[PDB]
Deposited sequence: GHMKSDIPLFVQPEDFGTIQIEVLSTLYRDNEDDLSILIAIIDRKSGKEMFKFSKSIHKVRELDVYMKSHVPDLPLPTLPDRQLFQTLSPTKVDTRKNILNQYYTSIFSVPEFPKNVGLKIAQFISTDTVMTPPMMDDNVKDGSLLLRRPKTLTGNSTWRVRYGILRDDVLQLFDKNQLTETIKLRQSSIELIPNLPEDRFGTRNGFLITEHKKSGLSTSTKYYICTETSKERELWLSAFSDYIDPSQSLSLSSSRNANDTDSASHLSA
């Protein structure tokens, strides 16, 4: 066997939270970061990372070994084709609904329950001023994944751990971009930083993350 972090009979005692679908794993590919939480304590026990391909693989296994029991539906493949903020926001919510339903099924067959347990017991992620994954556009205007670090009153953006942008907040102005009506770029949870000029369009994965980032800007 491979060591199990949570026994299949104890799937009911955990909550899941899909934290991101822009996480860079050990091989530096975009993957899905998932947190496993103890229900009674509310403490985050561990995190793990899976590519969308691995997610569909386990899904394929389940459809075939439990055909008679209803199972949730994965996000569509089109949500992972052209990178846009509105798709990133949506597919994270569907994945949250998906894995909440999985660990809410009362009983799985012994083989299927072990496979799910092995799934969450691999690709473990250990992670210990504001930061987070961001989506960046410039005024021929595609989006690109960036990792933002707020240093003092200066924002730093990295592309695969390489400084590609550096921003002064004292020189710049900030404004929210309304989610609606949806523009021709799929902007969502977005805001504009105009550094004195130059304009950077930045979106977060959730609307809460936009709230948290603006407060860091203050």
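No C-alpha positions are given for the deposited-sequence stretches 1 to 5, 134 to 139, 151 to 155, 213 to 219, 242 to 269.
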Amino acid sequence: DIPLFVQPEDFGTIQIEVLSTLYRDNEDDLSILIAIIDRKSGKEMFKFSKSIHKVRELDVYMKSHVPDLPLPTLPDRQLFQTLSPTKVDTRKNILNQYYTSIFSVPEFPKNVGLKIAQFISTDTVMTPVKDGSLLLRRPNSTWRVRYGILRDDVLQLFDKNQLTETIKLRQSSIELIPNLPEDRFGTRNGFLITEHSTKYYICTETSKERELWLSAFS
From here on, numbers count along this sequence of modelled residues.
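Looking at mean Cα B-factors across 111 to 119 and 140 to 148, the upper value is held by 140 to 148.
Looking at 55 to 63 and 151 to 159 together, the entry lists the larger mean B-factor for 151 to 159, computed on C-alpha atoms. Residues shown: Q15, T206, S20, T198. Highest C-alpha temperature factor in the entry: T198. The maximum CA B-factor among the listed residues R170, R39, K47, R188, taken from the PDB record, is found at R170. When the modelled residues of the chain are ordered by C-alpha B-factor, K92 sits in the lowest third. Per the PDB record, residue ranking by Cα B-factor puts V129 in the highest third of the chain.
Per the deposited record, the Cα B-factor of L30 falls in the middle third when ranked against the other modelled residues of its chain.
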